[PDB]
Amino acid sequence: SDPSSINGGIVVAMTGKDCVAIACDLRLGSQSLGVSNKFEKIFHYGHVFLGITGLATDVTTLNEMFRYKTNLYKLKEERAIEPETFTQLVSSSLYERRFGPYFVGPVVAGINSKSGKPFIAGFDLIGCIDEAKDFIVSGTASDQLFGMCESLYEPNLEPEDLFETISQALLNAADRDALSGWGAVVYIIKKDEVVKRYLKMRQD
Amino acid sequence: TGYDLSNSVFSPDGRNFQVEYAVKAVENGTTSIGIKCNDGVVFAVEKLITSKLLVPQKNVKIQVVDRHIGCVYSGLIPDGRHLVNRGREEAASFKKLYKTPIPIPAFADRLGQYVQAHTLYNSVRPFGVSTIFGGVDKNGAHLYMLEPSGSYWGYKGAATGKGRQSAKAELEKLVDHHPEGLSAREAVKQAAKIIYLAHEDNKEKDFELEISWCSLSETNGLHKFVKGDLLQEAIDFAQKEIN
Amino acid sequence: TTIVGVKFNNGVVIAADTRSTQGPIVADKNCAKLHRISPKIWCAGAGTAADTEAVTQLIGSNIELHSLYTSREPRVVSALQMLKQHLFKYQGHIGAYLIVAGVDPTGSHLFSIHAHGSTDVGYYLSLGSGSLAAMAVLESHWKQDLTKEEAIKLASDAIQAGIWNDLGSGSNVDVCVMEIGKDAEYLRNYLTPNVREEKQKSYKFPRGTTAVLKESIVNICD
Amino acid sequence: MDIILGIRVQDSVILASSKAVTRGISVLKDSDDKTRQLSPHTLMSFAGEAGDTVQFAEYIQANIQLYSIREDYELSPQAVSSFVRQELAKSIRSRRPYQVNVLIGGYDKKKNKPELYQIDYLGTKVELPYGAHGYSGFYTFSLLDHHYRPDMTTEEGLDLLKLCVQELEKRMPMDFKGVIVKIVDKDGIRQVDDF
Amino acid sequence: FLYX
Amino acid sequence: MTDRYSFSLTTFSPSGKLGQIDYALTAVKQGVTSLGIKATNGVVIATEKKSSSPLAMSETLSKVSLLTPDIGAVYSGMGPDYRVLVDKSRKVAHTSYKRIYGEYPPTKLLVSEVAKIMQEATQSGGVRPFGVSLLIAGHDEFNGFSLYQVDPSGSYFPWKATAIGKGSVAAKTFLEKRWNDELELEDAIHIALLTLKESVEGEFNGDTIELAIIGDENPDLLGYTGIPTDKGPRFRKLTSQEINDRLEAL
Amino acid sequence: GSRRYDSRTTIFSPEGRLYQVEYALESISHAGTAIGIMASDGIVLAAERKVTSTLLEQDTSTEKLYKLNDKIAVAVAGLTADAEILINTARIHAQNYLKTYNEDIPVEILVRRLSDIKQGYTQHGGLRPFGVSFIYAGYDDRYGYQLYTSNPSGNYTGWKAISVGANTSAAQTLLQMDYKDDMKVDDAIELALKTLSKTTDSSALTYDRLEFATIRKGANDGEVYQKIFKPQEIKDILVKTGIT
Amino acid sequence: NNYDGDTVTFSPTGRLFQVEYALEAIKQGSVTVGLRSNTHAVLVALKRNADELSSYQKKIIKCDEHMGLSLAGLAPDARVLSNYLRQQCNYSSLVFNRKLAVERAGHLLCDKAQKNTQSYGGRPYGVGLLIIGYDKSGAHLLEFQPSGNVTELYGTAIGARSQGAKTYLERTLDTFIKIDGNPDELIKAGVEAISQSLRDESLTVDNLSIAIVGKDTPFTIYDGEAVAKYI
Amino acid sequence: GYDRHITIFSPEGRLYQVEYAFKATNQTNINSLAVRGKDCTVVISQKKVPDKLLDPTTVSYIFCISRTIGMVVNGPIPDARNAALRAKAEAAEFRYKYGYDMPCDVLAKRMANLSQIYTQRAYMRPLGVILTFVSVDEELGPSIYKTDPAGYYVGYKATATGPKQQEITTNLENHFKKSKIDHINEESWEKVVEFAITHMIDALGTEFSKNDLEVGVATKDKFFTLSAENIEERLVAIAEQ
Amino acid sequence: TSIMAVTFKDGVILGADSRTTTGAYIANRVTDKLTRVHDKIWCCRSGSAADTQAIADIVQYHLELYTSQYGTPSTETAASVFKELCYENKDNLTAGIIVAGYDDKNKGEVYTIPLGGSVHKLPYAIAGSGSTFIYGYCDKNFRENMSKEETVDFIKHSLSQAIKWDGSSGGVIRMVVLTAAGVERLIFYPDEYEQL
Ligand SMILES: [Cl-]
Ligand SMILES: [Mg+2]
Ligand SMILES: [Mg+2]
């Protein structure tokens, strides 16, 4: 009965040269029992990408909540929300439920359309912002991901190289965690094109 | 026009006609007076004996607040009772928090702010009473008179009701003739006389005299009613002066 | 965490470490724990990271509105009073331990706020897990009538004591100097004595190393 | 309550639901239908806490029936599942949450596709080819992983379901008194009377 | 959550 | 007791007029002339400081108010109504935007929030409309410089340049002749002072004229250094001295 | 008490009319004309700006045409401020529906709820009604392209082509004359402008006094695109039809 | 005229017309007489019927074992005020194990009636009450008017032609006050008093309503054949 | 014409209830005057006690709001005391919340904002009072800030209020034309009080005894009113010059 | 914590240590546990620092607002306000406060308010953890109508012992003198009081 480790799952985001990458596993389980191998944890609102680990009912609820909020934002602002602004909206929204929180580990990723700067950010469950140049990690294999990212990562990787680094970081971390894996998805995000790749990984 | 139909409405003069109309209800009422003395205050009131069927001494109009304040009023008697009920709540909450019994100036503003509040809205009627009240606190004796508008001042002597001009004229003479001060026992006898003299403006029905007093020496700073020998002594003094 | 405040003759200086941790793991290697309440009122936070940011942001907002309403530059005692009344209301459930410092028309000020709503006054203060390491240095070296350059040295030395000796503290030293009659200067990453040594090897993978099942273009446009 | 299974095949969704209602050391009933029809082409099976199960099922049924009258239109299985999930998502942070786990088997008339949704009492929704709730999954999922094919007919789906019920009757500790089976397709909802 |  | 006025004091007349809005606009007409001119690289908002008494210190009374670091407001009509609107406008910029997005609202959205407050006084129970028209000048990263008028009704229009109050008819005709789409901020300030002289009768100097700009970022006015992204407020109130300098080359 | 000053906004005339609804409609009849024309392959929204000034910023302006979601837009006639209150409510109602059902709100449901809000102000609360008429132009996968109008009464009806605001009598006669069912969007665009051009109280119809929008399936394959026309785009479409 | 729209408005001469109109409702009401000695207090009420087929409107209500009133005017308002008195009498018993003083009863009615004369929306009570009771200070009779004015009397009468009974009691004052330890003789004096307020009609068996409270007598009402003794 | 009964606009865009509240200001027939020294702010008001039965010590239109702030009222005493109590409550709360003494100008704005609400909200009438706030602010120095029923407020070099306000105003105007400064160039508050009384005597054209005047004085860290003997001492000084 | 109030001939004297401890660590070694609620009404704070600070702030506001309306409050009035807060919120407060003030009529007065929220008017009071060790000493040594210098010595010697034995008490001895003359702050350093 630890909400953050019932369903299991991982998200990792990395920055490259004029690009960002966000990746997640596909497992949704009920403790030992694997239930779904299609449960994607990465969403997007325009060009801003959000990955959410933790309790799956809250992952779904927050996605629906941020879609709701980014839609009203766009109608009133007459423009798509930027990653830096969305990061603040996520933080505000999570801390609004400070004494009854969503059991989640969200990760914002995207490129500012005006400045062209790669941006990634992670949050705790109460909504504290963790901004990083290099990488953000989240989920049941966060320890493993921290170990993989910290050793594998190097700055200013090209989109095609960054893909290999983030993919090997997720895969090898997921294989040392019981509640993570069962398939993976990697988003490679450039200024005005986004490639989405499904990885082949061991299914145990 | 139509400026007088609603409370809290300014006329082009800058007047609240509904408050001035409430004053007419006070002017219509029986005579009530207050006399500030050396170490306390004395209250007296005219009680019109409408019928022989009225039980003497058993329709008390003067009211006590806390244990040290006396209140008397002319006009709509129920409105007066409502104001005293409020005064008792204000005095209780003051004692509860600050331990000390409420000072008279403090108490005066508690009524003043409340009566003034009934001139701020068209959903309430102004008070149909001028209230003469006071007592003894740590700073000595205080007499006050409060009007429908929420206007109140400290007084040496106060009078309101149908015989106010008669009573005021008689009060002004006491202030002039006793600059050093009037004693508590003297003020009780003068209070009786002034009610009897002010009864000339209400002389169709004969009346019943009622006197109370707070005095640091005589009543030990507490509010008490003047009854028995002291009351009959004051009545006899007043009866002698009219003749 | 290691946050300290030091008072000098013409101002106050606050410094903090740059390490944020979840359990024994380091979440943020270089996180700024110095917050702007107002242009000349700055605050260093320890305890629940989310709580310190949120409470600082909320009061920072209410101080700006108060400044506009009164047509006056905000005072440190206003920020302190608003903070400690808010923290007290929540009976310590908001885990914000702050060192509040700034300059205002009244002069230079240095306070500390605890989650339960208690406040301290001092010429030198230290909060967080590394406070005992920092306070040891402050107690050893602090004196009356410090200069600006001495106060910065003492403050950064007290943070360093935390960085080395406390496991909770590490990485870099952030400093903010609030001097009277001058703009406050925020010295982010004033000291970076924990630079990562060159790795023995590049782990840049040969392209195609990762096995891929599917590719697709994602539509971000309307 | 205990055993509720669901198998989406080519042209239909099949919901199996145990008939036993046990309280203490007494099987009170052996013919209980743990399902409500939400709309002509949408069926919901439910299992969990006593009282909560039926109270929740009927509440959802009423809301979907109200929508159907108001708009003179049947809500898609996707739309109904999303509505049900949100109700459970609200419920879990209530004073007393609904401890009800559901399978929603529906036929989308606009897409001409069967759809099976597995939603737990937390409000965790997933679209699956086959689903189960409680201990049933620990046996049936591995069995279906092996024997299930996506292009199976309704008759093949029922044989695959019989294989699940047989395995559960062999290895499950408790006597769940067999299952009521129902098929959701383009022609609506009908019950298999002999299983 | 995180601490400092 | 209690607010028994839970019904509208603004209703439609048979003709279709909303009396209390029309009468609020009449109150704005009586109000002192204020104007706004939009340049390529900034905005200027100006108004006469009608002194109630020569003993009164007209510096204490601010007709031109900062709402955000990058937004300013001026009015014509009833000053008290304006003052409470500025208080509400400043707070709503925080509560409904900055406390959510961690940045100040763009001009059009803050204007929209002010308009909403003034619209509610037009329909809510037991209240009269606000007796003011606002001119709100502001800058934001994605819209650039903008100027908006807000009427008692809650209606707002964007302007290149306009005037409101006493001599608005004559002031608008004057601005039409002088305004072009290539005006630099200094040229717009020059025209603002020319236009305002026509409506002003008595003294015309930096002490009787209140003028503010939305221009370049002012790092000197920020109050701190160290954060490169924070470059200071674009709103700046011209000093009594700065106005008098430009009145010599008039 | 306060009874003396109560207009009684929600009562019947002896004839059985709602005074405040009738007077709100009289208010809207003086507002700039707004036209909606529904074609087989899209909807046109045209609206005449109220007597424009030469110094009004035209490009960064929104008076008449507002976006409710990606599939629905409205043309406004009446008090702009009143309209914006109802638009923000409509925008939220659309997102509430999406959050609940994971499907974009059907047009009629959004229109009914907004109309039901207006109805409330005529029956209870003792407040003045919203001095606003809407033309709802939207698309859903049930009914396809739909035009609606709502008015202060809270009554709504569906249309093929409709006008609200000023000179609706003259505008509706001209639409009823030249409209037909097999009409294309580009034809509807021309009709909309020709109607405004004749019914306008102005000397000549120009780009700076017009707001224009189309809801086509003119995007790439089975998806709807909203186009709120830019000043230069209105200038081009006005020359293309030969009005200027 | 222009100043009788509601109770919150004073007239130019300082009158409350809504309170005066409420007072008028009492004058229209059927006569009821109150009188007491030192040992007993008596209510005598002339009950009124709609017609010969109708019952006679019950005028007398019991508040406690030692207190009760008679009414003249709006009977529903009398029910509200009597119910309030029952609660205040009952509160005194449960909390303080103390019978409520008849004087306090009057003060509580006065303050309840007053609040209705100073607030918008409300209306004055449209009924007069004669409260009798026996407490720790002997027998009592009160006259309540909906203006808020409560008066302690030896005897009185309210309703239509009440002036007849009130004049009689004013003459008889010295006689009936000293009817001590004799219930039947005090009632006779009350029945003779109400007879002075009769025109064309006389006191019958289902017409007359008598109540009594005293030293060793709980508040008890007499109707029907029980009052035949006194005709 | 019910647009004259409550605070809603007349056809010509006026609030008649605000205008009539202004006329209520002069109902007391009392003239007040405020001037600033270097170190102090002095406020003086006429004291008329017509009734001989009145206790003259209790007759006051000057109030001690906080330790630092003083307030004089032109208008009826009930509304005056209403305004005084609120101002005291506001000044106390400000100190508790924000940890420093409420400035004179900030209290004036707060009371003016309250006054504004009564002109916009129907159920509340405006108070028939003009509030003149005086202090020695720790930032701005000697301060005079005045509030009216309209909800208007502004700072003053000096000010006058009452029936014969215009005569006092022009008298003060002519002095500041001559002196060429924003204040009374005087060291002691005693002489600033003497100036205030002297210029009121010249403007009104009446002589004052000790019981005809009421004086308030604001210095740094306290505001205080002068007793009859304090004023009498002051009147003697003027006479002997 | 070690605090005490002593009533002497010319008024009252408040005395306290300066040590605030979290567990066995000293958070502040220069705390000012003597706080002003009015010009000549002061209190001594023991228990939860957060709770005692919050209470003290509320009373100062109450007595400031009291002064605006009714002039200077009595020391009894101040103690009554303290009691009202402490008694009504006894479930959520850990605060032992000694209220000490100087009237001109009543002279020096000391009221002690323990955890319960009860009020006890005494010739002198002691409270806080350190007090336990000096009940014997203070009882044997206290006399009524002492001089200023005697009362300062009595407090200095008393708190000196309290500090010597109590781990939770230490630092400097602060004192505040309340007389008709005015308000005088005194401080005494370890190097003096330790070797008494
Ligand atoms: Cl305010
Ligand atoms: Mg496995
Ligand atoms: Mg599940």
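Residues numbered from 1 in each chain as written, not as in the entry; some residues may be left out. Chains lettered and ligands numbered in written order. Part of a larger assembly, values for the part shown. Heavy atoms only, no water. Residues with missing side-chain atoms left out of burial classes, pairs and counts.

A.B. asks: Sorry if this is basic, but what is going on with the overall build of chain D here?
C.D. replies: Tallying secondary structure elements over chain D gives four helices and twelve strands in all. Computed over C-alpha atoms, the radius of gyration of chain D comes to 16 Å, within 12% of the 16 Å expected from 2.2 N^0.38 for 195 residues, which places it in the range of a compact globule. With respect to the three principal axes, the spread of C-alpha positions in chain D is 45 × 40 × 25 Å. Evaluated residue by residue, chain D yields a buried proportion of 54% over its 195 residues. Across chain D, contacts joining residues at least 24 apart in sequence account for 62% of those joining residues at least 6 apart. Entry remark: accessible area of chain D is about 9,300 Å², with carbon and sulfur atoms responsible for 47%. (Helix = DSSP H or I, 4+ residues; strand = E, 2+ residues; numbered from the N terminus. Rg over C-alpha atoms; globule rule 2.2 N^0.38 Å. Buried < 20%, exposed > 50% of the residue type's maximum accessible area, 1.4 Å probe, protein only. Contact = heavy atoms within 4.5 Å. Areas by Shrake-Rupley, 256 points an atom, 1.4 Å probe, with all protein chains shown as cover.)

A.B. asks: In this structure, what is going on with the overall build of chain G? I would like to understand it.
C.D. replies: For chain G, the count of helices and strands is six helices and ten strands. In terms of overall dimensions, chain G is globule-like: its C-alpha atoms have a radius of gyration of 18 Å, near the 18 Å expected for 244 residues. In terms of overall dimensions, chain G has C-alpha extents of about 65 × 50 × 35 Å along its principal axes. Per-residue burial over chain G gives 55% buried out of 244 residues. The contacts in chain G between residues at least 6 apart in sequence include a share of 63% that link residues at least 24 apart. Averaged over its 28 positive side-chain charges, chain G has a centre that lies 4 Å from the centre of its 31 negative ones. (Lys, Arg positive; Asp, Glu negative; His and termini not counted. Charge placed at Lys NZ, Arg CZ, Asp CG, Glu CD.)

A.B. asks: Honestly, the nonpolar core in this entry has me stumped. Any pointers?
C.D. replies: One finds B:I33, B:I211, I:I65 and I:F133 to be the most contacted residues of the largest nonpolar core, which totals 98 residues. Top contributing element to this core by residue count: helix α5 (residues 184–198) of chain B, with nine residues. When sequence neighbours within four positions are dropped, the list of residues in contact with I:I65 reads I:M71, I:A84, I:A87, I:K88, I:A91, I:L107, I:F133 and J:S68. Counting residues in hydrophobic clusters, the runner-up holds 56 residues, among them A:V35, A:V104, D:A16 and D:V181. (Core = buried A, V, L, I, M, F, W, Y, C linked by side-chain atoms within 4.5 Å.)

A.B. asks: What should I look at first to understand the interface of chain C and chain A in this one?
C.D. replies: How big an interface is tends to be expressed through the accessible area that disappears when the partners come together. Across the contact, 36 residues belong to chain C and 41 residues belong to chain A. Interface area, chain C with chain A, both sides summed: about 3,300 Å², of which 55% is carbon and sulfur. On the surface where chain C and chain A come into contact, there are seven salt bridges. Put simply, A:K74 and C:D222 hold a salt bridge, and the shortest N to O gap is 2.5 Å. Where chain C packs against chain A, one counts 20 residue pairs in polar contact. At the level of secondary structure, the elements contributing two or more residues to the side of chain C that touches chain A comprise β4 (25–28), α1 (49–70) and β13 (212–218) of chain C. (Buried area = accessible area lost by both parts, 1.4 Å probe. Salt bridge = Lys/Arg side-chain N within 4 Å of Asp/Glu carboxyl O. Polar contact = N/O pair within 3.5 Å; in protein donor to acceptor, adjacent residues only side chain to side chain.)

A.B. asks: Would you explain the interface of chain B and chain I in this entry?
C.D. replies: Contact residues are listed per partner, giving 32 residues for chain B and 29 residues for chain I. Taking both sides of the interface into account, the surface hidden between chain B and chain I amounts to around 2,700 Å²; carbon and sulfur atoms contribute 59%. On the surface where chain B and chain I come into contact, there are three salt bridges. With a shortest N-O distance of 3.0 Å, B:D176 and I:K52 are connected by a salt bridge. For the pair chain B and chain I, the interface holds eleven residue pairs in polar contact. Contributing elements (two or more residues each) for the side of chain B that touches chain I: α3 (104–117), β7 (152–154) and α4 (164–177) of chain B. For the side of chain B that touches chain I, the element with the most residues is α4(B), which contributes five residues.

A.B. asks: Even after reading the chapter, I still don't get empty space enclosed by the protein, so can you show me in this structure?
C.D. replies: Summary: where empty space remains is shown by rolling a probe the size of a single water molecule over the atoms. Estimates place the volume of the largest cavity at around 100 Å³. Every residue lining the largest cavity is counted, 13 residues in all, and those nearest its centre are B:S8, I:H5, I:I6, I:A122 and I:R125. Residue composition of the lining of the largest cavity, by class: seven nonpolar, five polar and one charged. Counted as a void, the second largest cavity has a volume near 50 Å³. Lining the second largest cavity are I:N82, I:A83, I:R86, I:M111, I:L114, I:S115, I:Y118, I:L127 and I:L131. If you list the elements that add at least two residues to the lining of the second largest cavity, you get α2 (77–98) and α3 (104–120) of chain I. Looking at side-chain class alone, the lining of the second largest cavity contains six nonpolar, two polar and one charged residues. (1 Å grid on protein atoms, 1.4 Å probe; cavity = no way out; pocket = protein on both sides within 12 Å on 5 of 7 lines; lining within 4 Å. Points joined across faces, edges and corners; volume = space filled by probe spheres on them. Nonpolar A, V, L, I, M, F, W, Y, C, P; charged D, E, K, R; others polar.)

A.B. asks: What's the story with the pattern of salt bridges in this structure? I'm lost.
C.D. replies: Between side chains of opposite charge, a pair can form as their charged atoms come close. Applying the stated rule across the entire model yields 97 salt bridges over all chains. Measuring nitrogen to oxygen at the nearest pair gives 2.8 Å for the salt bridge that ties D:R190 to D:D185. On the basis of relative accessible area, D:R190 is assigned to the partly exposed category, the value being 42%. G:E48 is paired through a salt bridge with G:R209; the nearest N and O atoms lie 3.9 Å apart. With G:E48 in strand β2 (residues 42–48) and G:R209 in the loop between α5 (185–199) and β9 (210–216), this residue pair connects regions lying 161 residues apart in the sequence.

A.B. asks: Would you take a moment to explain the sheet that holds strand β2 (residues 40–48) of chain B for this structure?
C.D. replies: Adjacent strands of a sheet pair through backbone hydrogen bonds, lying either parallel or antiparallel. Residues and elements named next belong to chain B. If you walk across this open sheet you meet the five strands as β8-β1-β2-β9-β10, and the pairing is antiparallel. At either end of the open sheet lies a strand with only one pairing partner, and these are β8 (157–160) and β10 (223–225). The mean angle between the axes of side-by-side strands here comes to 15 degrees, regardless of whether they run parallel or antiparallel. Of the strands in this sheet, β1 (32–37), β2 and β9 (207–215) are in contact with α5, which crosses β9 at around 155 degrees. (Pairing = 2+ DSSP bridges. Axes fitted to C-alpha atoms, helices over the stretch in contact; angles between N-to-C directions.)

A.B. asks: Would you mind going over a positive patch on the surface with me for this structure?
C.D. replies: On the surface, a cluster of positive charge is made up of F:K88, F:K91, F:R99 and I:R121. With respect to the helices and strands, I:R121 occurs in the loop between α3 and β5 (130–137). (Patch = residues over 30% accessible without salt bridge, like charges linked within 9 Å, V, L, I, M, F, W, Y side chains within 5 Å.)

A.B. asks: Looking at this model, I keep getting lost on the arrangement of the chains. Mind explaining?
C.D. replies: One finds no contact linking chain A with chain H; the least C-alpha distance across the pair is 43 Å. Separated without contact, chain A and chain J have their nearest C-alpha atoms at a distance of 20 Å.

A.B. asks: Honestly, a nonpolar patch on the surface in this entry has me stumped. Any pointers?
C.D. replies: On the surface, a nonpolar cluster with roughly 480 Å² of combined accessible area is contributed by H:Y91, H:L94, H:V95 and H:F96. Within the element layout of this structure, H:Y91 appears in helix α2 (residues 75–96).

A.B. asks: So what exactly am I meant to see when it comes to helix α3 (residues 107–120) of chain F here?
C.D. replies: Since the α-helix turns once every 3.6 residues, residues separated by three or four places project in the same direction. Residue and element names in this part refer to chain F. The end-to-end C-alpha separation of α3 is 20 Å, in line with the 20 Å expected for 14 residues at 1.5 Å each. Summarising burial for α3: eleven of the 14 residues are buried, a large majority. Of all the positions in α3, only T107, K108, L109, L110, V111, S112, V114, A115, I117, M118 and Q119 are classed as buried. (Expected span 1.5 Å × (residues − 1).)

A.B. asks: Hey, could you run me through a negative patch on the surface in this one?
C.D. replies: Taken together, the side chains of D:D151, D:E155, D:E156 and D:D159 define an acidic patch exposed on the protein surface. By the secondary structure assignment, D:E156 is in helix α4 (residues 154–171).

A.B. asks: What am I meant to see in the packing of helix α4 (residues 168–178) of chain G against α5(G) here?
C.D. replies: Two measures define how a pair of helices packs: the angle their axes make with one another and the distance between the axes. Residue and element names in this part refer to chain G. Interhelical geometry of α4 versus α5 gives an angle of 145 degrees and a closest axis separation of 10 Å. Taken as a pair, α4 and α5 cross one another with a handedness that is right-handed. Across the interface between the two elements, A170, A171, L174, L175 and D178 from α4 touch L191, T195, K198 and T199 from α5. Classifying every residue of the contact of α4 with α5 gives five nonpolar, two polar and two charged. (Left-handed = near helix turned anticlockwise from the far one by under 90°.)

A.B. asks: What's the story with the environment of F:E103 in this structure? I'm lost.
C.D. replies: For F:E103, the location among the structural elements is in the loop between α2 (79–101) and α3. Judged by its relative accessible area of 28%, F:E103 falls in the partly exposed class. When the C-alpha atoms of F:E103 and F:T229 are compared, they prove to be 12 Å apart, with 126 residues separating the residues in sequence. F:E103 has contacts with A:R79, A:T85, F:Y97 and F:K98, leaving out every residue within four places of it along the chain. Reaching out from F:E103, the side chain makes a polar contact with the side chain of A:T85 at a distance of 3.1 Å.

Remember, this is a structural readout, not a statement about activity or role.
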